[PDB]
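Everything on this sheet refers to the single structure shown next.
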Amino acid sequence: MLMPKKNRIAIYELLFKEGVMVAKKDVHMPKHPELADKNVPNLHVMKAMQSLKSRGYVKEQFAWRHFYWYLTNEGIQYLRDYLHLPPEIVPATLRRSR
Amino acid sequence: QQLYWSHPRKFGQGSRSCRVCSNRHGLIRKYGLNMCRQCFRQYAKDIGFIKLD
Amino acid sequence: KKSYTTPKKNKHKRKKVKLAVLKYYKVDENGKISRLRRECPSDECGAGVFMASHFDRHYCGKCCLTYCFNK
Amino acid sequence: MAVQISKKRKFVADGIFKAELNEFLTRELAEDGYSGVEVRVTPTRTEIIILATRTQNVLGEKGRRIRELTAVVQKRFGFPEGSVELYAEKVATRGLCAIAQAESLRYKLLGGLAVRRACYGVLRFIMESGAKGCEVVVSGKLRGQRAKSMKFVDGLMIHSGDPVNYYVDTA
Amino acid sequence: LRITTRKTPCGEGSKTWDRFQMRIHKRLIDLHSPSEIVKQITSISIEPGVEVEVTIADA
Amino acid sequence: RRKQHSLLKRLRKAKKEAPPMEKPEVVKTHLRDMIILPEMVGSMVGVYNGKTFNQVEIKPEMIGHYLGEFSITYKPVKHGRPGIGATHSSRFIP
Amino acid sequence: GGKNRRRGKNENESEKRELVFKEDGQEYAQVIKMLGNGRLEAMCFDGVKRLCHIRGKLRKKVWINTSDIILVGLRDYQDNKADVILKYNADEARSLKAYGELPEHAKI
RNA sequence: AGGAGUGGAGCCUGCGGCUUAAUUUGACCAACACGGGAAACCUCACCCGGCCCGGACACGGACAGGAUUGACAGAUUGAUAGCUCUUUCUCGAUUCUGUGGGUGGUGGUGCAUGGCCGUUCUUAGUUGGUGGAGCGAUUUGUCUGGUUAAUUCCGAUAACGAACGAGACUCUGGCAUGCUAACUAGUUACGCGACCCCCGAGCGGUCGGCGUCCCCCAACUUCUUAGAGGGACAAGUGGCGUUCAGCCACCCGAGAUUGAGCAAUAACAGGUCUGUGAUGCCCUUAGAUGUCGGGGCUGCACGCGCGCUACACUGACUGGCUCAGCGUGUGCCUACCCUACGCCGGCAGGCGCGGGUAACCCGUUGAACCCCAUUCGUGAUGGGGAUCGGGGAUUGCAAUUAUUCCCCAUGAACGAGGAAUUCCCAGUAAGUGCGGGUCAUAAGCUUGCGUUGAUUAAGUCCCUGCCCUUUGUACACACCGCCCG
RNA sequence: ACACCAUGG
Ligand SMILES: [Mg+2]
Ligand SMILES: [Mg+2]
Ligand SMILES: [Mg+2]
Ligand SMILES: [Mg+2]
Ligand SMILES: [Mg+2]
Ligand SMILES: [Mg+2]
Ligand SMILES: [Mg+2]
Ligand SMILES: [Mg+2]
Ligand SMILES: [Mg+2]
Ligand SMILES: [Mg+2]
Ligand SMILES: [Mg+2]
Ligand SMILES: [Mg+2]
Ligand SMILES: [Mg+2]
Ligand SMILES: [Mg+2]
Ligand SMILES: [Mg+2]
Ligand SMILES: [Mg+2]
Ligand SMILES: [Mg+2]
Ligand SMILES: [Mg+2]
Ligand SMILES: [Mg+2]
Ligand SMILES: [Mg+2]
Ligand SMILES: [Mg+2]
Ligand SMILES: [Mg+2]
Ligand SMILES: [Mg+2]
Ligand SMILES: [Mg+2]
Ligand SMILES: [Mg+2]
Ligand SMILES: [Mg+2]
Ligand SMILES: [Mg+2]
Ligand SMILES: [Mg+2]
Ligand SMILES: [Mg+2]
Ligand SMILES: [Mg+2]
Ligand SMILES: [Mg+2]
Ligand SMILES: [Mg+2]
Ligand SMILES: [Mg+2]
Ligand SMILES: [Mg+2]
Ligand SMILES: [Mg+2]
Ligand SMILES: [Mg+2]
Ligand SMILES: [Mg+2]
Ligand SMILES: [Mg+2]
Ligand SMILES: [Mg+2]
Ligand SMILES: [Mg+2]
Ligand SMILES: [Mg+2]
Ligand SMILES: [Mg+2]
Ligand SMILES: [Mg+2]
Ligand SMILES: [Mg+2]
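Listed in order, the protein sequences are those of chains A, B, C, D, E, F and G. Position 54 of the first sequence, counting from 1, maps to 54 under full-length UniProt numbering, and the rest follow consecutively. When you read off a place in the second sequence, starting at 1, and then add 3, the result is the number in full-length UniProt numbering. When you read off a place in the third sequence, starting at 1, and then add 81, the result is the number in full-length UniProt numbering. Position 121 of the fourth sequence, counting from 1, maps to 121 under full-length UniProt numbering, and the rest follow consecutively. When you read off a place in the fifth sequence, starting at 1, and then add 60, the result is the number in full-length UniProt numbering. When you read off a place in the sixth sequence, starting at 1, and then add 49, the result is the number in full-length UniProt numbering. When you read off a place in the seventh sequence, starting at 1, and then add 7, the result is the number in full-length UniProt numbering.
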C-alpha cells in the first residue's frame with residue numbers, strides 16, 4: 001500500500017495549483033516541509049513524482065540535493081482529468097510576464 | 004512493516020554531511036559552510052574567498 | 082561484496098488467510114437482525130466495525146495497539 | 001531569531017546562496033547560452049538577473065519558463081511570496097564570454113563534428129570578436145582507446161601574476 | 061576570515077596547503093536629524109553590494 | 050533501563066519454571082552493557098560476543114560488573130613464524 | 008626487488024585467494040629442477056616427470072622457483088610435455104594437502 | 001664551520017609481519033601523525049545474525065462475498081521485528097503474481113577517462129612567422145666575451161621583427177607629531193568631586209604624591225583604529241670597470257639584500273572510480289553488494305617511520321612578583337556556543353542569576369618560560385614518571401577491551417646514546433606558552449600567533465644533485481642501457 | 001703524480 005488516496009490527491013492538487021514543485025532529496029524527513037505538511041512524508045512526494053515522470057507529464061532537474069519538477073501540457077491534461085476540475089481552469093501561471 | 008528505521012543521530016559525523024556532494028568526510032563547519040573540503044575548494048571563488056597570502 | 086550461499090529456511094511472508102468476506106450478521110426474521118460479535122465502544126472508531134470473537138480475548142483490529150478485553 | 005545572524009555567517013551565507021543559484025541556473029539554461037547571474041537586492045525586493053544569448057528561449061512562450069523559474073527560486077530558498085523578481089538580458093559581444101563558448105563547443109561536439117573543425121571554428125569566432133588571445137584544450141579519448149589532449153592556442157596569453165585575476169576568462 | 065585547506069583530494073604527494081581569506085570592512089556614521097530626512101538621504105545611490113543599516117537611537 | 054527491562058523479566062520467571070535443586074537454562078542476549086544487580090545472582094546467561102552466546106553462571110562476586118566483561122570478543126593469540134615482509138633483511142625473488 | 012619500475016600494472020597482491028582444482032586432462036606437479044629458455048623439469052604427482060613450458064601468460068608476471076606445487080595442463084597427443092597453467096602458494100598447497108587432493112609424497 | 005638533534009630509553013601514532021569470524025582498504029626522493037583517517041554507537045566499506053523495497057513503467061493474469069494493508073493476545077526471537085506460527089479483525093484499489101525493463105551500489109578496473117593535485121624542476125627554460133644552410137631528419141635566430149639571482153642586460157651578428165616564462169604584479173612587515181576623524185578607542189587638561197596616606201614645604205589645610213574611583217554639550221588625535229597620499233631610485237660621494245652593462249665601500253636614512261601568493265612548453269601508464277546527481281564498460285540487483293542489534297578497524301614473539309617526555313644543581317619543589325599576539329563565540333536540516341559574578345565542594349564539579357549575533361560581554365585576554373626568596377645536595381635522590389591497585393565526577397542512548405577529568409598509593413627503563421642520518425643564516429635555530437581545524441566527549445597531530453633569543457658563514461664544487469658549451473657512444477624500453485665466453 | 005667501485009622483473 002504505497003500511499004493513501006488522500007496523499008496522491010494532496011500532491012497532485014498542489015502540483016496543479018502551482019505548476020511546479022521542489023523537494024529535498026531526503027527519505028527520512030517525516031513531513032514535506034510546509035507544502036503538504038498535513039502528515040505527508042517527504043518520501044511520498046518524490047516516489048509520486050518519480051512515477052509521474054516515468055510517463056512524461058513532468059520534467060525533472062536536480063542540483064545540490066534538491067529536485068525541481070515542471071509540469072507539461074500532457075501533465076496539465078492528465079491532472080485536469082484525474083482531479084475532476086472544470087475543463088478550463090488553471091491557477092498555475094497565466095500573465096504577460098513583462 | 005517496521006518501526007525500527009532509525010537510531011539516535013544528533014551528533015558525530017553520522018549526523019552531518021555536505022551541502023553539495025552529500026559525503027561525510029572532511030566537512031568544513033567553520034562559519035556555517037557545512038561543505039566538503041573538496042567541494043569548497045571548487046566553489047570558494049563563488050563564495051568570495053580569494054587567495055592572496 | 083561476495084556472493085550468497087544456500088540458506089536453511091528462507092521463506093518470505095505469510096499468505097493472507099482467505100476467509101469468506103462478510104458473515105457477521107444473522108436474521109431471526111427479515112428486518113430483525115442479530116449480531117454475533119459486539120461492536121467496539123471506541124470514539125475513534127465509528128461504531129460500525131466489529132471485534133474478534135477470540136474467546137479468552139476480544140480484539141479490535143482498528144485500535145491495533147490497545148483496547149483488548151480479556152474474557 | 002530575536003537577534004539576527006552575525007556578519008561573518010551572513011556574508012558566508014550570501015556567498016553560498018549565490019553559488020547554489022548559479023549552479024542551478026547553469027545546469028538548466030545550458031542550451032540557451034547562460035552566462036551569469038547578478039543578484040541585486042533592491043529596496044522592497046530581491047531581483048535576480050540572468051544574462052544569456054538566446055533570451056526568447058529563456059522566457060519562452062509568453063514567459064512560461066521565466067515564471068516557472070521565479071516559482072522554483074521562491075519555493076527552494078524560502079522567500080516570502082512576491083519578493084523574488086527575475087529578469088532576462090542579452091549579453092553584448094558573446095564571443096568574449098568564456099562560458100558561452102565552452103557550452104557552445106560542448107553542444108557542437110555532442111551533436112557530431114570533427115573535434116578539430118569545431119575547435120578551429122570556435123577559435124576563429126573568439127579571435128574575430130576582438131580578443132588579445134584565446135586557448136582551447138580538449139582532453140580525453142580522441143580517436144583511440146588511449147587518452148590524449150589537443151590544445152589550440154592563438155594570440156597573446158599570460159599565465160602568471162596578479163593581472164590574471166582579470167584580463168582572462170576561463171571555463 | 062581564514063580557511064586553510066589541503067590542496068589535494070586523496071592524500072597523496074607533497075603536503076601543500078591553500079590559504080583562502082575573506083575581508084569584511086565596516087564603517088558607521090552618526091547624524092542628529094529628523095527620521096524622515098534620514099530615510100530620504102539613506103535610500104539613494106547604493107550601487108554595490110554594501111550593506112546599509114539604520115538605527116533610530118544610539119546616543 | 051529502557052527495554053533492558055524485559056531482560057529482567059526473563060532472568061526472573063526463568064528461575065521459577067526451573068525445578069528445585071537445579072539452575073535456569075539460558076537467557077541468551079546481545080546486551081553486553083548490563084550491570085549485575087544482586088537479583089541476577091544464580092541464573093545462567095548466554096552473552097553474545099559477535100558470533101556466539103558463550104554461557105556464564107552468575108556468582109555473587111560479579112555483583113556490579115558488566116555482563117560483557119565475561120565473554121571475550123577475540124582469540125588469545127599464539128604466534129606463527131614471521132613471513133616475507135617481516136624485516137628489511139628479506140626482499141628478493143627472481 | 009626494487010627498481011624505477013613504477014610503470015606497469017602497479018600492485019597485484021591481496022590477502023584474499025580462492026582455490027582452483029583439477030579438470031579434464033589437467034594434473035598437479037612438483038618442480039624438479041630449473042632449465043633455461045623458460046623451460047622446466049617437473050614431476051606429475053603420480054607418474055611421469057613431464058618436462059613443462061611456462062606459457063605466454065605467466066612469463067615474468069608470476070615467478071616459479073624450484074620445488075613448488077603447480078597445476079599443469081597435459082597434452083593429449085604428446086605425453087612428456089605440458090604447459091604450466093597455475094601456481095599454488097604455500098597456504099593453498101597445504102589446503103590441497105588437507106582436502107586430500109595431492110597424494111602426500113611431496114611436502115611444503 | 002657550527003647549533004639543535006634523530007639513531008640508544010619509556011610512552012603516543014602510522015606501515016609490515018603474525019593471529020583472527022573479521023582484524024575493511026588506498027599509497028612503498030615523489031608510501032608510513034598521509035587519505036583532515038584523534039573509528040565506543042553512527043562513521044563503515046569488514047565479520048556474525050535479523051526486518052524492509054524505497055522493484056519506475058509497459059503488457060498479461062487474478063480482483064469489489066472483493067486485489068491488497070496493519071495489528072492484540074500465547075509460542076518464537078537480542079528484540080515490544082505480525083519475522084514466523086495459532087486465532088481473525090481491520091484497510092480499500094494505492095497493491096499482488098508473471099514476463100520485459102529500470103534502480104541503487106564506500107562493488108571491479110586510476111593501465112578505458114574528465115577534473116583536481118603531486119612531480120620531473122626552483123631552476124632559466126620554451127616557441128612559431130618571413131629570410132639564410134642542408135636531398136633530409138634538422139639547424140640559425142636562441143651567440144665568441146663581459147655582466148646578472150635570472151635566455152637579466154651590454155654588445156657581436158644571416159638574421160629581422162615577436163610571443164610565453166623571469167621581472168613587472170597582489171597581499172604582507174618596517175617609517176610619517178603631515179592629512180582625513182572617531183563616548184563600540186583614547187590622551188591631556190582641569191570642571192571636578194571623592195578615598196587615602198604626609199610621603200614634601202607646610203598643619204593635616206594651599207601647594208603637591210597614588211587611582212582601570214566618578215563625571216565633562218572640556219580641547220585634542222601623541223599612543224588605538226583605517227583610508228588617501230608620501231617615501232628608495234644603486235638617487236649622492238670615492239674606487240674598480242673595453243670607462244657600457246654593471247660590482248665594492250661610505251654619508252644621509254624608518255630602510256640601501258623582509259616574507260609569501262601567482263608561474264611556462266613538454267611529460268609521468270605518479271595519486272585519486274572511497275569527494276561528486278563527474279563518468280565508459282563489466283558485476284550484483286530481493287536468499288541483494290540498497291537497513292537495525294552485536295563484534296572489529298585497538299588483538300602481539302618480532303622489523304621500520306614521524307614524534308612526546310627525560311636522563312637533573314645553566315636543576316626539582318614551595319611561595320611572591322610582573323609582561324602578549326593571531327583567533328573563535330548562540331547552528332536554517334543539525335539543537336550544541338563564549339562566559340562574568342554570588343553561593344556550595346579539597347578537587348574534578350554543582351546550583352543561582354546576568355552580558356554578548358560582538359573594537360560594546362568573557363577581556364585592561366593578571367599565559368608560560370624568564371625574575372625574586374625558601375628546602376634539597378651528587379645518592380637512579382625530593383631527577384624521571386612507565387606500569388598497576390582503590391575511590392569520586394562529567395559527556396552520552398550506551399564507557400567493559402580502563403572515552404576524558406580528579407584524589408591517595410605503587411615508583412620501571414633511562415646517568416647523553418653504535419654503524420648511520422635530518423633540518424637550519426637573524427628576530428632565524430632552540431626553549432616557551434596561546435588560539436583555529438577535527439570537537440555530544442577529547443591532542444603527544446597539524447595549521448597560525450606571539451615571548452626569551454645564541455654559537456657559526458659571507459665560501460667552495462670535495463660529497464649528493466642541477467643548468468649551459470665542447471666532445472665520445474655498439475644506448476633510444478635511453479647506463480636501473482647494451483653485451484662476451 | 002690514478003686504493004676499492006661487480007650486477008639488473
Ligand atoms: Mg610575463
Ligand atoms: Mg612573478
Ligand atoms: Mg630531545
Ligand atoms: Mg591517549
Ligand atoms: Mg590491522
Ligand atoms: Mg625533488
Ligand atoms: Mg577515539
Ligand atoms: Mg562500527
Ligand atoms: Mg549504474
Ligand atoms: Mg558512488
Ligand atoms: Mg594516472
Ligand atoms: Mg589522472
Ligand atoms: Mg625555413
Ligand atoms: Mg632549402
Ligand atoms: Mg636551436
Ligand atoms: Mg652570477
Ligand atoms: Mg643588444
Ligand atoms: Mg629578439
Ligand atoms: Mg659611482
Ligand atoms: Mg646613519
Ligand atoms: Mg621579495
Ligand atoms: Mg613550471
Ligand atoms: Mg575521482
Ligand atoms: Mg566506474
Ligand atoms: Mg577514504
Ligand atoms: Mg542507510
Ligand atoms: Mg552496524
Ligand atoms: Mg587504523
Ligand atoms: Mg610525514
Ligand atoms: Mg621543556
Ligand atoms: Mg596547538
Ligand atoms: Mg570549542
Ligand atoms: Mg582543541
Ligand atoms: Mg592527522
Ligand atoms: Mg641529504
Ligand atoms: Mg646556467
Ligand atoms: Mg655529439
Ligand atoms: Mg636500438
Ligand atoms: Mg651496467
Ligand atoms: Mg650468457
Ligand atoms: Mg653502480
Ligand atoms: Mg651475474
Ligand atoms: Mg649476465
Ligand atoms: Mg633490463
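We treat Cβ as the ideally placed atom computed from N, Cα and C, and that holds for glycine.
According to DSSP, residue i sits in a beta bridge with which residue or residues?
i, result
"residue 61 of chain A", "A:68"
"residue 93 of chain G", "G:78"
"residue 54 of chain A", "A:56"
"residue 36 of chain G", "G:51 and G:77"
"residue 23 of chain A", "A:67"
"residue 133 of chain D", "D:155"
"residue 120 of chain C", "C:131"
"residue 14 of chain B", "Residue 14 of chain B is not bridged to any residue."
"residue 71 of chain E", "Bridge partners of residue 71 of chain E: none, in fact."
Go ahead and label residue i buried or exposed: buried means 16 or more other beta carbons lie within 10 angstroms of its beta carbon, across all protein chains shown.
i, result
"residue 5 of chain D", "exposed"
"residue 36 of chain A", "buried"
"residue 95 of chain G", "buried"
"residue 155 of chain D", "exposed"
"residue 16 of chain B", "exposed"
"residue 79 of chain G", "buried"
"residue 157 of chain D", "exposed"
"residue 3 of chain B", "The question about residue 3 of chain B has no answer, for chain B in this structure spans 4 to 56."
"residue 74 of chain A", "exposed"
Would you identify the three-state DSSP class for residue i, choosing helix, strand or coil?
i, result
"residue 106 of chain C", "strand"
"residue 117 of chain F", "helix"
"residue 139 of chain C", "strand"
"residue 42 of chain D", "strand"
"residue 102 of chain F", "strand"
"residue 80 of chain E", "strand"
"residue 40 of chain A", "coil"
"residue 30 of chain D", "helix"
"residue 121 of chain D", "helix"
Checklist entry - Looking at chain A, which residues of the stretch 23-44 of chain B have a Cβ within less than 7 Å of any of its Cβ atoms? => result Correct list: 23 and 25.
Next on the checklist: Residues of the stretch 6-37 of chain D in Cβ contact with chain A at a cutoff of 8 Å, in chain order, please.
Outcome noted: Within the stretch 6-37 of chain D, 20, 23, 24, 27 and 28 place their CB atoms closer than 8 Å to a CB of chain A, listed in sequence order.
Item to check | Residues within the stretch 58-81 of chain G neighbouring chain F, beta-carbon criterion of under 8 Å | outcome: Against chain F - using a Cβ distance shorter than 8 Å - the residues of the stretch 58-81 of chain G are 70 and 72.
Checklist entry - What residues in the stretch 51-70 of chain A bring their beta carbon closer than 8 Å to a beta carbon of chain B? => result Those would be 64 and 65, in chain order.
Item to check | Residues of the stretch 97-129 of chain D with Cβ closer than 8 Å to any Cβ of chain A, in chain order | outcome: Near chain A, meaning a CB-to-CB distance below 8 Å, no residue of the stretch 97-129 of chain D qualifies.
Checklist entry - Taking a cut of 7 Å between CB atoms, which residues from the stretch 28-49 of chain A lie near chain B? => result For the stretch 28-49 of chain A, the beta-carbon criterion of a distance under 7 Å to any beta-carbon of chain B is satisfied by 28.
Checklist entry - Using Cβ-Cβ distances below 7 Å, what residues of the stretch 83-102 of chain E are close to chain D? => result Hits within the stretch, in order: 84.
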